[PDB]
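Participant: Using only what follows, build the 3D model:
(6 chains, ligands or ions: 2)
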Amino acid sequence: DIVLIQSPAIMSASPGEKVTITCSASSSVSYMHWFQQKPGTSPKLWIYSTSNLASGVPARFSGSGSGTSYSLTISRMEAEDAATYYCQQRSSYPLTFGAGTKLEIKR
Amino acid sequence: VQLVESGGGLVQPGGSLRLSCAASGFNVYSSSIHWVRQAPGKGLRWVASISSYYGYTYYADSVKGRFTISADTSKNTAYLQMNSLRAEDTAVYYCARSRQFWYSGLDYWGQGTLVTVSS
Amino acid sequence: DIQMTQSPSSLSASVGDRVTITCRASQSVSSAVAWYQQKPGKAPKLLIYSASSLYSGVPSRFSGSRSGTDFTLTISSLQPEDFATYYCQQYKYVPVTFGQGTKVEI
Amino acid sequence: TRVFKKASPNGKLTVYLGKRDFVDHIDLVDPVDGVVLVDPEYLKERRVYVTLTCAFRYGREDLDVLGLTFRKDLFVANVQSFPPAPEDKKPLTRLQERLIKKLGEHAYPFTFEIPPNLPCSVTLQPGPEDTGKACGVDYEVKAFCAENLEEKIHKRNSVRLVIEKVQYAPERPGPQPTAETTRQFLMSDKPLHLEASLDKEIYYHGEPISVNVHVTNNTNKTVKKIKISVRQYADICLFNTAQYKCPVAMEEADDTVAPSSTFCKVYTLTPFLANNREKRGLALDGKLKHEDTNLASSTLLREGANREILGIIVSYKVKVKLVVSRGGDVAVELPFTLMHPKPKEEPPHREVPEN
Amino acid sequence: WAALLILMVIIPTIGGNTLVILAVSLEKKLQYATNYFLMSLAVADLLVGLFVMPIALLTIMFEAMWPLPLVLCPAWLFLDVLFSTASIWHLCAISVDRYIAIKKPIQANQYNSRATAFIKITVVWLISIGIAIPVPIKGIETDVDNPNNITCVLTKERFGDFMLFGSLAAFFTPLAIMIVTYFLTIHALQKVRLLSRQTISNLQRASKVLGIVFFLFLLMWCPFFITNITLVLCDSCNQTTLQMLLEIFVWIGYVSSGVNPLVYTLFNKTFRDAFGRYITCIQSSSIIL
Amino acid sequence: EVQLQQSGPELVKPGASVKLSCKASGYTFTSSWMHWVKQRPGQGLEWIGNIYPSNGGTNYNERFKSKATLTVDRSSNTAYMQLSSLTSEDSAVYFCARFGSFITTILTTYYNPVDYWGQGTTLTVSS
Ligand SMILES: CCN(CC)C(=O)[C@@H]1C=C2c3cccc4[nH]cc(c34)C[C@H]2N(C)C1
Ligand SMILES: *[C@@H]1O[C@H](CO)[C@@H](O)[C@H](O)[C@H]1NC(C)=O
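Facilitator: Residues are numbered from 1 along each chain as shown, chains lettered A, B, ... in the order given. Ligands and ions are numbered 1, 2, ... in the order given. Shown next is the structure:
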């Protein structure tokens, strides 16, 4: 199995800031995908092929990747971006998901 | 009617010599050309022969590999090229004509040329 | 290759006599021989082909005959114009071969 | 005089024949006569039969890969020599009587007559692959021993010989060939006119052919090139009727004729076999057993009428062509004859100084 | 055990084709217009035996998974299609040439040449390449990128039209030509033998030989394409059962390639004569009256 | 407009079996796989299995081999997942989803995004 570890579990960021989230793998993989979920709503695809933004995503978000290391960053934090983010791999069966990272506001 | 032979021997101790014959009244494609050698105090011999209709050339055993025969249709001439001469090759040479359809004998003969090889 | 033996080597004859020359071959050449005449200092002239046919323009005194592998040439009446050397050739196989040649002397 | 004899593998049967080449005059053909020597002790009650056959054979190595071989018969004749037929009453030639007198009473004669209209002997070029037999018309004489004609014959009692049927050049020369042609282009400004001729009609083997060419051009064009060729035509009838054409000699001249001009020239050509080895299907005179032979000679026919019962028919033509740059060509053909003259002695049937 | 059994079929193909190629290329006694076409057929069969069958055996040995990298799969499919189509069209062309030769013997000899052989070879290979080209353009679609957990096969949903039309073009079009040619040739043989007194047995034996040769092609190549068309055109039919049969049926078509060269080379006498030669390394007289 | 519709909430007693349905609209339904996912309350996502509609091929997670069964109906355009031998731990939201794919030609391979998740349904087991 390919085990993914996601950090940090809970993070806080005031509006107008740049933040990063890390996802690591047990074994080497080719590519990683990232999903976003809001409370009471099914998850939606957010980033695919380790760099490409899905349609409708703003320009703030960015992705970085390599073998057994991946990360998601934002240029400037905004109030509308508080949700839960998951990282998955689509290399070999069975498919696996990350634990999840929760973002909050700071005031 | 006539065969004219030229290129007499130039007293070549060792080297190459070219003998040529010119024919009048004969078509090359209807006849065969032969060379006949006569040594001093000896009988006749046979050297080489050519037939143009089928494209064939024949040589004797003694001169094989040192002599070459050819004919040219444009000028109605026959050439014998002689290489690596020796003391044995001192004689009088004759050019003769036969009939292609069909062979009877060497009926027209040339005048002949003298070739001498000396030290 | 075929070896042809000719005889007699030399003979003397007077005017008006009849002379015969003979030749033999090791193998059968199947009636394909020719006879040539050469005067001193000049090229040979054809006399008889196919061992019996007489060349056009040749006086009828000359005759040729075959028996087995023995070929003979005969001259009936000798004249002052008939002193030369005579050669015999076979042409069934390559290379063609000539005989030694015999001299007729007065 | 010479006589040709052959003996069977076991050696009881011998056949004596006078000559191997039979001349074919237009009206009639030379009879085929000969003698056969037999041994009466070995022959208990069987008979001796003689058969002449004219056959058309065509075999291919590609077909021989399978079980394929094509043979057709055109002429068959039969005769009973020994025991002598009761009627007898047949005149004998001088050579037959001499042969019988020289031999004993066991020798017996035979004679064959050939009808006028039959094909002559012709073969076709094999090519690199074919290495078996030959293709074309052939004439054979075979003598065998059999109790009855229907019975199967064996090699021990059979003798086979091959003969030929040939033709020679006529004495009287023919008229001089000639031809003339005019062509008009799209705009009717003026015509282009071409005339061609040969020296004479009858040509022997290995002699030059001289073509006289006379061109006049009054059109607004340009003549780029002139081409002279000699072509062989062969008509064959084996399961089908077909024609076949091959060029034997060619010549290419780059002479340009300007508008409103005239031009005159003489060209010389010779057909020979040295440079025609690669061409396949070329017609040749005919071989006894695997020897070189010249190009096939023309076939002479009775002029009043023709009946297609013949295998191979050969003829020749000369073609002159003008190439026109703007458009179109001009072409002209002339017929001639190519044959041997009559020989005083019978032809040798092999290479004379054979290697 | 399957491995040795499959290897003793893989080896004869390579051996037989290599012998033919070497024999044709080496000696001049065998160099002429017809043999180049057989050389082309031998090349096609050798390339079938060298690349396709070993990889197919590897996929059989495992659990039908793909061991080689992912990109190599479309290339393998393309090579398979190209080689099989080339071999089939070569057989059809040989049959047509045989009929034309038998019908008119003299015309065939004149028309036959080296240039015609080159033209025919070029045409056949162009047709095969043109038929086999579209496969690599539309690549396979997979759920994951790991080669270890996917399987290479032409799915119906992605390639249904291609399978239908390729089956129609590659096999049935040659089949119709061979079917008509056989009857025409046999009819020609019977009428020809009717007209032209001891050559009957040869013609009959040749007819039998032709019949056997045709039956060998039909039996080897028919069931696979019938099953493929049935799979494409039958929605009600169970797909798993058809796939199980198809996987078995492909191997008969593979074996046909190894079987083919022997039939054409062994009957030819020139090949045996050259083999024997290399392994090694009454008269008309006269009388005078 | 691709749409996926699912059955409503379910309340079942301990020790029973029940099936859930997913109905598709807007595309072929035979050219893409179907995946099933389970999300516990306030927990991470878990993968159950997937099914390929045309020939019925399936892949299963090891931990859920005994519990789950997958079926399909082409004419009705429905996908069914059956759960049996339910226990207290098995009470969460269940999603049926359609994922993207990889297309690989002889030059390169590339991924095309068509991901879409239907809204889940709630299953509770209580006595
Ligand atoms: C078992 C699976 N495989 C191998 C991967 C095939 O089905 C191949 C598919 C072929 C194929 C499909 C569709 C059309 C066609 N024409 C010619 C062929 C063809 C050849 C044929 N090969 C022999 C088998
Ligand atoms: C998928 O590939 C991985 C590669 O290591 C392997 O471990 C796993 O067993 C494969 N999945 C199967 C065979 O179902």
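
Participant: burial count for residue C:78?
Facilitator: 18 (other CB atoms under 10 Å in any protein chain shown). For the C-beta atoms, the positions are set from N, CA and C on the backbone; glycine is no exception.

Participant: which residues does the residue nearest to the spatial centre of chain F form a beta bridge with?
Facilitator: For chain F, the residue nearest the mean C-alpha position is residue F:36 (2.6 Å; CA atoms, centre = their mean). Taking DSSP bridges as the rule, residue F:36 bridges to residue F:49, residue F:96.

Participant: Can stretch D:284-301 be said to contact chain C?
Facilitator: No - judged by CB under 8 Å from any CB of the partner chain, stretch D:284-301 makes no contact with chain C; its nearest approach is 14.4 Å.

Participant: quick one, what contacts the residue nearest the centre of chain C?
Facilitator: By CA atoms, centre = their mean, chain C has its centre lying nearest to residue C:35, at 4.1 Å. Residues in contact with residue C:35, defined by CB atoms under 8 Å, 6 or more residues apart in numbering or on different chains, are C:46, C:47, C:48, C:62, C:64, C:73, C:86, C:87, C:88, C:89.

Participant: The fourth one and residue C:77 touch, don't they?
Facilitator: No - in this structure, residue C:62 is not within contact of residue C:77 by CB atoms under 8 Å, at 10.5 Å.

Participant: Looking at those two now, which is surrounded by more residues?
Facilitator: In this view residue C:62 and residue C:77 are compared by other CB under 10 Å, and residue C:62 has more residues nearby, 18 against 12.

Participant: so who does the more buried one touch?
Facilitator: Residue C:62 makes contact with C:35, C:47, C:48, C:54, C:73, C:74, C:75, according to CB under 8 Å, 6+ apart.

Participant: and it, how far is that from residue C:90?
Facilitator: According to CB to CB, to the nearest Å, residue C:62 stands 19 Å off from residue C:90.

Participant: mind listing the strands in chain E by residue range?
Facilitator: Listed in chain order, the strands found in chain E under DSSP state E are E:140-142, E:287-288.

Participant: Give me whichever of those strands is most buried.
Facilitator: strand E:140-142 (a mean of 19; mean count of other CB atoms under 10 Å in any protein chain shown).

Participant: quick one, what contacts the spatially closest residue to residue D:161 that is not a sequence neighbour?
Facilitator: Spatial nearest neighbour of residue D:161, excluding adjacent residues (CB to CB, 6 or more residues apart in numbering or on different chains): residue D:141 at 4.8 Å. By CB under 8 Å, 6+ apart, residue D:141 lies in contact with D:15, D:17, D:32, D:34, D:50, D:51, D:52, D:112, D:160, D:161, D:162, D:163.

Participant: Give me the helices and strands touching the strand or helix carrying the fourth one, please.
Facilitator: I take that to be residue D:34. Assigned by DSSP states H and E, residue D:34 belongs to strand D:32-37. Counting contacts by 3 or more CB pairs under 8 Å, 6 or more residues apart in numbering or on different chains; DSSP states H and E, strand D:32-37 is packed against strand D:14-17, strand D:47-58, helix D:94-102, strand D:107-112, strand D:136-146.

Participant: Of all the residues in stretch B:3-10, which ones are buried?
Facilitator: Within stretch B:3-10, the residues that count as buried by 16 or more other CB atoms under 10 Å in any protein chain shown are B:3, B:5, B:9.

Participant: give me phi/psi at residue D:40?
Facilitator: For residue D:40, the backbone dihedrals (degrees, to the nearest 10) come out as phi -70, psi -30.

Participant: What is the neighbour count of it?
Facilitator: 10.

Participant: my read: it touches residue D:106, true?
Facilitator: Yes - with contact defined as CB under 8 Å, residue D:40 counts as touching residue D:106 (6.5 Å).

Participant: So which of the strands of chain E is nearest residue F:125?
Facilitator: Closest to residue F:125 of the strands of chain E, according to CB to CB: strand E:140-142, at 37.5 Å.

Participant: The closest one pairs with which strands, parallel or anti?
Facilitator: Partners of strand E:140-142 in the sheet, by DSSP bridges, are strand F:101-104 (antiparallel).

Participant: how far out from the middle of the chain is the strand it pairs with?
Facilitator: Computed by CA atoms, centre = their mean, to the nearest Å, the chain-centroid distance of strand F:101-104 equals 22 Å.

Participant: do the same with stretch D:210-219
Facilitator: From the chain centre to the centre of stretch D:210-219 is a distance of 35 Å (CA atoms, centre = their mean).

Participant: Which of the residues in it are classified as buried?
Facilitator: Those would be D:211, D:213, D:215, D:216, D:217, D:219, for stretch D:210-219 by 16+ other CB under 10 Å.

Participant: just stretch B:58-69 next, same as before
Facilitator: B:58, B:59, B:60, B:63, B:67, B:69.

Participant: Check stretch F:60-68 too.
Facilitator: With burial defined by 16+ other CB under 10 Å, the residues of stretch F:60-68 counted as buried are F:60, F:61, F:64, F:67, F:68.

Participant: Repeat that for stretch E:117-127.
Facilitator: Using 16+ other CB under 10 Å as the test for burial, stretch E:117-127 gives E:117, E:120, E:121, E:124, E:125.

Participant: Residue B:85: what's its closest spatial neighbour, skipping adjacent residues?
Facilitator: Closest to residue B:85 by CB to CB, 6+ apart is residue B:117, at 4.9 Å.

Participant: From chain D, how far out is that neighbour?
Facilitator: 29 Å (CB to the nearest CB, to the nearest Å).

Participant: try residue E:42
Facilitator: According to CB to the nearest CB, residue E:42 and chain D sit 17 Å apart.

Participant: Count the residues that sit near that residue.
Facilitator: 25.

Participant: list the contacts for it?
Facilitator: So residue E:42 contacts E:17, E:20, E:21, E:24, E:261 (CB under 8 Å, 6+ apart).

Participant: Counting neighbours, which bits of stretch D:175-183 end up buried?
Facilitator: Going by neighbour count (16+ other CB under 10 Å), the buried part of stretch D:175-183 is D:177, D:181.

Participant: Whichever residue of chain D sits closest to ligand 2 - nearest residue in space that isn't next to it in sequence?
Facilitator: Chain D approaches ligand 2 most closely through residue D:65 (54.8 Å), counting by CB to the nearest ligand atom. Closest residue to residue D:65 apart from its sequence neighbours, by CB to CB, 6+ apart: residue E:268 at 5.4 Å.

Participant: Neighbours of that neighbour, how many?
Facilitator: Neighbourhood size, residue E:268 [other CB under 10 Å]: 18.
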